[PDB]
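# Understanding the architecture of this molecule
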Amino acid sequence: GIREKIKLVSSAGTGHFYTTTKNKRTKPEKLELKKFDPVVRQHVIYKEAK
Amino acid sequence: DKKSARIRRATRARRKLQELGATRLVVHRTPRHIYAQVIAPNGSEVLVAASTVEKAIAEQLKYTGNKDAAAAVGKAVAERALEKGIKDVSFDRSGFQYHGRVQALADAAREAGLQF
Amino acid sequence: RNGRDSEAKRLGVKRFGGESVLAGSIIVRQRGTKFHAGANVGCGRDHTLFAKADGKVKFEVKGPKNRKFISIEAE
Amino acid sequence: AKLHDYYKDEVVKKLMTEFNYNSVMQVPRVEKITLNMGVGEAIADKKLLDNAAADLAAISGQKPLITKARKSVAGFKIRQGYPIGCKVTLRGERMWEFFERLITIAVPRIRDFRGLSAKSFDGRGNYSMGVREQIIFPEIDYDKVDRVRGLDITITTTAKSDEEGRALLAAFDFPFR
Amino acid sequence: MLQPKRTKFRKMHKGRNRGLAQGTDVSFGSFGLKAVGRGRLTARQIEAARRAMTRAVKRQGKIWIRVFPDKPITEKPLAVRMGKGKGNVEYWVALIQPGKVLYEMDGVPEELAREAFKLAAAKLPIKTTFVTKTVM
RNA sequence: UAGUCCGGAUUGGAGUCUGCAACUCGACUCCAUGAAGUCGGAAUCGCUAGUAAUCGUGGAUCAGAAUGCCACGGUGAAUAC
RNA sequence: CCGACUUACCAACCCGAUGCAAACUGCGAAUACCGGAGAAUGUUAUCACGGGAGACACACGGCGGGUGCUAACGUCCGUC
RNA sequence: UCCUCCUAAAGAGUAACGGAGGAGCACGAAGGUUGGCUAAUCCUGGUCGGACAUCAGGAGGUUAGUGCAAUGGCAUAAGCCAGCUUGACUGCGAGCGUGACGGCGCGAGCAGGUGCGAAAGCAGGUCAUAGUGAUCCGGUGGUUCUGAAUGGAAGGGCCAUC
RNA sequence: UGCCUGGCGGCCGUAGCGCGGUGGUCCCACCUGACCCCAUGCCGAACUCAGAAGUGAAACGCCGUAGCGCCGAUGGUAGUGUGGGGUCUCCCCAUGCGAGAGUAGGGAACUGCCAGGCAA
RNA sequence: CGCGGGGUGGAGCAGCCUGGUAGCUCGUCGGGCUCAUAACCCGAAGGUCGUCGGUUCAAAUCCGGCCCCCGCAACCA
RNA sequence: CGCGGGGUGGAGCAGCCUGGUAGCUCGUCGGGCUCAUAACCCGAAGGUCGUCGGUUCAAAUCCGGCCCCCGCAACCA
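Residues numbered from 1 in each chain as written, not as in the entry; some residues may be left out. Chains lettered and ligands numbered in written order. Part of a larger assembly, values for the part shown. Heavy atoms only, no water.

Method of structure determination, per the deposited record: cryo-EM was used for this entry, reaching 3.2 Å resolution.

## Quick word on the overall build of chain A
Selection criterion: Here a strand is any run of E in DSSP of at least two residues, a helix any run of H or I of at least four, and the numbering for each starts at the N terminus. Each residue is assigned to one of three classes by its accessible area relative to the maximum for its type, calculated with a 1.4 Å probe on protein chains only: buried under 20%, partly exposed between the two thresholds, exposed over 50%. Two residues qualify as a contact provided that any one of their heavy atoms is within 4.5 Å of a heavy atom in the partner residue. Working definition of accessibility: Shrake-Rupley area with a 1.4 Å probe, residue cover restricted to the visible protein chains. Charged residues are defined narrowly, with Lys and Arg counted positive, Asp and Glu counted negative, and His plus the chain ends left uncounted. Each charge is placed at NZ for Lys, CZ for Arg, CG for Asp and CD for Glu.
Broken down by element type, chain A carries 0 helices and 4 strands. When its helices and strands are written in sequence order, chain A yields β-β-β-β. Summarising its shape, the C-alpha atoms of chain A cover approximately 35 × 15 × 15 Å along the three principal directions. Buried residues in chain A amount to 20% of all 50 residues. Contacts spanning at least 24 positions in sequence make up 33% of the contacts within chain A whose residues lie at least 6 apart. Split by element, the accessible area of chain A, about 3,900 Å² in all, is 55% carbon and sulfur. Here chain A holds 13 positive side-chain charges and 5 negative ones, and the gap between their average locations is 3 Å.

## A short note on the protein's contact with RNA strand H
Filter applied, for reference: By convention in these notes, a residue is near a molecule or strand provided one of its non-hydrogen atoms lies within 4 Å of it. Definition of a polar contact: a pair of N or O atoms within 3.5 Å, with one able to donate and the other able to accept a hydrogen when the atoms are protein atoms, and with sequence-neighbouring residues admitted only if both atoms are side-chain atoms. Each residue gets one label: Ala, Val, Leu, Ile, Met, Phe, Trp, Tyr, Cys and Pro are nonpolar, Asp, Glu, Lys and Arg are charged, and the others, such as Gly, are polar.
Around RNA strand H, a shell composed of 95 residues is seen, among which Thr20 and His43 of chain A, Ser6 and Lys9 of chain C together with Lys32 of chain D lie nearest. Protein-adjacent atoms of RNA strand H, using a 4 Å cutoff, are sugar or phosphate at a proportion of 68%. In the environment of RNA strand H, a sugar or linking oxygen lies 2.8 Å from a nitrogen or oxygen atom belonging to the side chain of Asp46 of chain C. Within the backbone of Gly40 of chain D, a nitrogen or oxygen atom sits 3.1 Å from a base nitrogen of RNA strand H. In terms of residues, the surface near RNA strand H owes the most to one element, strand β2 (residues 17–23) of chain A, which gives 6 residues. Residue composition of the surface near RNA strand H, by class: 27 nonpolar, 32 polar and 36 charged.

## Some words on the sheet that holds strand β1 (residues 3–10) of chain A
All names here are of chain A. Test applied: Only strands joined by at least two bridges in the DSSP assignment are considered to pair. Interaxial angles span 0 to 180 degrees and are taken between N-to-C directions of axes, which are lines fitted to C-alpha atoms, for helices over the stretch in contact.
Across the sheet, 4 strands lie side by side as β2-β1-β4-β3; this open sheet has antiparallel pairing. Where the open sheet ends on each side, the last strands, each with one partner, are β2 and β3 (33–36). Direction aside, neighbouring strands of the sheet carry axes that sit 40° apart on average. Two strands pair when backbone bridges link them, and β1 and strand β4 (residues 43–47) are joined in this way by 2 bridges, in the antiparallel orientation. When the bridges of β4 are listed, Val9 appears paired with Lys47.

## Quick word on the arrangement of the chains
Chain A shows no contact with chain B. Their nearest C-alpha atoms sit 30 Å apart. Structurally, chain D and chain E remain out of contact, their C-alpha atoms never closer than 27 Å.

## Some thoughts on the nonpolar core
Generally speaking, soluble globular proteins have nonpolar side chains that are buried together. As a reminder of what qualifies: Definition used in this section: a nonpolar core is a set of buried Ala, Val, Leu, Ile, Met, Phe, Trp, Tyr and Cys residues joined via side-chain atoms within 4.5 Å.
Counting 40 residues, the largest nonpolar core has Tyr7, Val11, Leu15, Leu35, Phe98, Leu169 and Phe172 of chain D as the members making the most contacts within it. Where this core is concerned, the elements lending two or more residues are α1 (2–18), β1 (30–36), α2 (46–59), α3 (94–103), β5 (127–131), β6 (151–157) and α4 (162–170) of chain D. Once residues within four sequence positions are removed from consideration, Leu169 of chain D is found in contact with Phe99, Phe121, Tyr127, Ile155 and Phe174 of chain D. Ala35, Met53, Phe117 and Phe130 of chain E belong to the second-largest nonpolar core, a separate cluster that totals 22 residues.

## Looking at helix α1 (residues 43–54) of chain E
Residue and element names in this part refer to chain E. What counts is decided by this rule: An expected span of 1.5 Å times one less than the residue number is assigned to each helix.
Compared with the 16 Å implied by 1.5 Å per residue over 12 residues, the 16 Å span of α1 between its first and last C-alpha is a close match. Taken as a whole, α1 has its buried residues at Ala43, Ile46, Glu47, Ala49, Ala52 and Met53. Buried residues along α1 sit against β2 (39–42), β3 (62–65), β5 (88–96), β6 (101–106) and α2 (110–121). Its side-chain oxygen 3.2 Å from the backbone nitrogen of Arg44, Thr42 forms the N-cap of α1.

## Here we look at the environment of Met37 of chain D
All names here are of chain D. Relative to the helices and strands, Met37 is located in the loop between β1 and α2. The class for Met37 is buried, based on a relative accessible area of 5%. The spatial distance from the C-alpha of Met37 to the C-alpha of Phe172 is 25 Å, given a sequence separation of 135 residues. Apart from the residues within four sequence positions on either side, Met37 is in contact with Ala52, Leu56, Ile84, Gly85, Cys86, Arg149, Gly150 and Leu151.

## Structural notes on the packing of aromatic side chains
What counts is decided by this rule: Centres within 6.5 Å are what make two rings of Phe, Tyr or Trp a pair, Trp counting through its six-membered ring; a difference in plane orientation under 30 degrees is then read as stacked, over 60 as edge-to-face, and the rest as tilted.
A full pass over the atoms with the stated rule returns 14 aromatic pairs over all chains. Between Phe31 of chain E and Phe130 of chain E, the ring centres sit 5.7 Å apart and the planes meet at 20°, which makes this aromatic pair stacked. You can see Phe31 of chain E sitting in strand β1 (residues 31–34) and its partner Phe130 of chain E sitting in the loop between α2 and β7 (131–132), a full 99 residues away along the chain. Each member of the pair, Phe31 of chain E as well as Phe130 of chain E, carries the same accessibility label: buried. Every member of this aromatic cluster is reached through a ring pair, and the members are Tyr7, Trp96, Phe99, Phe172, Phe174 and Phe176 of chain D.

## With respect to the pairing of strand β2 (residues 33–39) of chain B
Side chains on a regular strand alternate between the two faces of the sheet. All names here are of chain B. Among the 7 residues in β2, 5 count as buried, and that is most of the element. Summarising the sheet, strand β1 (residues 24–30) and β2 pair through 7 bridges and their orientation is antiparallel. When the sheet's bridge partners are listed, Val26 is paired in β2 with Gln37. In textbook terms, the turn of a hairpin is the stretch between consecutive antiparallel strands, and for β1 and β2 this stretch comprises 2 residues. Pairing of β2 with strand β3 (residues 46–51), which is carried by 5 bridges, proceeds in the antiparallel orientation.

Here is the structure:
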């Protein structure tokens, strides 16, 4: 539909990523949220991916 | 009406407090006076009451109802509470904004020894 | 133009007052908030009232708005 | 502020005998004045409301409160939450200074002025008037403005009847026609 | 023709007609055509009885009709199998029970009303009577 | 170099003269107000000489009442292979 | 222009009076269902696990309804 | 196929080509929390402004609103606004609800670590109930788990995921 | 101990509205000002602080009033489980249960704990 | 009781799919050209886009209730 | 999803080639011209070259990310 799915990958070298949706036709900016990571076992930043 | 509005502001906290069933200390601020009484877990009767209405503490202040005066009763309410044995309580903002007298009152209590 | 309907959600009160339920046991599966939480009972995400601690179910009507409340006497 | 003390004594002692106030606290006092201006046509040009804001920002001594649309009206083509104008509920020291700068040097300045209406009331005691010219003020030099934009001014006092409200405003020598 | 303008739903359940009627005493007029037979009067049956009763006194008096249909009745057309839906709304009826004052009247003698209500009565399927507005 | 001291209609108020009489319906004076209109589509008119173009004056009609009609004189071209 | 006057008529909002409702409720049964305690009665009739099934076209009568025409030894469910 | 109301006979459930309407999403915020606020519709006056733009006063009372259809529900507000933030977090999960089963739903509390608040506490999405398809096969990133003589690799397994 | 008031409740329309009266020594609200903590998506209205000349209108509590809201029997009526009958598209009899509505009437509360004023 | 499409100046037709703006032919009105009409030339007026509600920054446009129009269907015994 | 190649005034295309050149056709307005529409001639307005960033004396062209579009074979969840 309108909202396609993206992949919020972590900031550290660990290959852990969260998936979510985003309205590309409303927001061209990127997503930077903070979430927990099961590998680093701390809280890091999260960059977007596809 | 100014009165009723303040009452429904206290309802949110008061309902949660009796669900927790914690010993709460209500605070009734007044343009010229201050009230604070420790209420039992049944939410029916009180255990320790202290206010500037008691002349024993009133004559020891400049004005009845200002920052240092409200802090004086804070020291007083925590003193009589530890004598009765109550250490752990929960604050009751009671519809007032935690900024002036009510704040210094609780800051005095936390400095007096009231574990909360 | 008709014929369409849905699956019955099995709502309603599961355990009636008097039964000594255990912790976690769902007491009322409702939609709105016909029944409210009292003591030892927590309002669920779907407003599904459940038992937080063991005891017997008790229905009572508190509040000035006369709403139905369910508490739990630790027995 | 100078008519504030003029009020506190001269106006107070005067009305205490007409409506026979058994107590001194039964005297009606001005509470709030509104500096409102709903231009309306800001749905076509966004800079219109800013100049409408700047005009009300010049006459008053504080920022106004830009009001939004309460609903969506298709008759005037305005949707939910759209800027319509701005208001100023000035209640303090400047409100007395605002009263002086209006009834003494702004009232007689209106082009084709003949007097105020003694009928414009709600019934509870609130007077309201509406001027078309914005040139009647001291701050406007006419060189910076470009509109013939007017507004609405309403004074709310703590009275009980409009006949008492007119009595309170009569003490402030209002040229009623 | 009596008919409720734009009601909440179009087609509605048949339902059983039980118990006694609620409208017993003559409220506005001084006379009344209280019913005994349990059944239902269509809008066409009421209007027929309305004209026959209006014409009895010709013009005078006041004539009340405390009964309104408000219960649409469906019917399947000719040459159609069962099922396939609910028939269209043809006529509106009113469920009448024993002890229900259909029509009232005032402004006429007790003699003329005994005649007026007798004529319309033969235009109804139910068995009626003739009562009077009592003392309280 | 702007609808501006361009332009002058409209309209308000005050007056003049004529003639029994100025309302329907007169010309004019005074003050104020002060619009359209920035050379005008299709189309179309007159003129070759002191004519056109442009400016002003006079007379008949007539109590009063024309930008019209008739008449006068001043300034005065271009083009006709 | 302001804008007054009026009507062989209809009708909203309120007051009093009167009815209607599966998709209305400031009220509200009888039963039914759930839990606990006690008596008597019943070859344990209850529950769990395992071997073997059949069956998964139902009919009518009573009561409660949808549908049909409060028609059909009609048709679709509840319950006996 | 899924959701809501009635039919449905006051627990649950209950059919028909019975009666009435919706969904195949949306939002980085409309989420979390802290603190504050709470109308709709009318009567009256008033610049443009007139049935309907704005402001002020009164009556009134939740008929409002609640991202969407309907029902139940909400001012302790779940309705509205603003500040700060990411709990729309990871590993679990006593004990129940609901299904033939697959499966789905609720969930106090526990450990790690986080946001907001003075603190008590609250948060593992949104007032709730639809917004969705099983397996096989294949694709993507990670983890020496294995890897058909040995050391690797391919290919599988497992985690996340299309 | 009683008259008072403020605070936290229990029970929550017999408890709440309309109207009139009344209260200020204490309590409460309004009220003066606002360089500072804080605050208005403007504004010391609200929020907060520093104080308090004065007032008891507004507000709030209390009292009377019942014009409303509300509560509410007894009896009868509707309905109905079970067992029978009939003019069995609806009712009756036996027996157990038993409304709503309306009426007489009741009815503008009651009360627990603490802390001050005041008369003793 | 059905499916698809359509309803737009006086007669009608595009534009909708991919929303902020409405075009075309004949016709109407006035002028012009001719001795006059026609034709032609010139300018202008002329469309609540069937209706109501809603969503969307913008609705003729997207959805639906309703109304009107057209073709096909009533077949085997 | 993968690959190829484009978006250019009101429209399309050339120009992108090997980086320093935005023009042609129709259209608009005015004039010249004919009796008239047209044909024809001259002059003028009309293009962030889809966009951002980078390399560079200079980029619409070269390159990368992004949006949309067209063509292509393929589609054994």
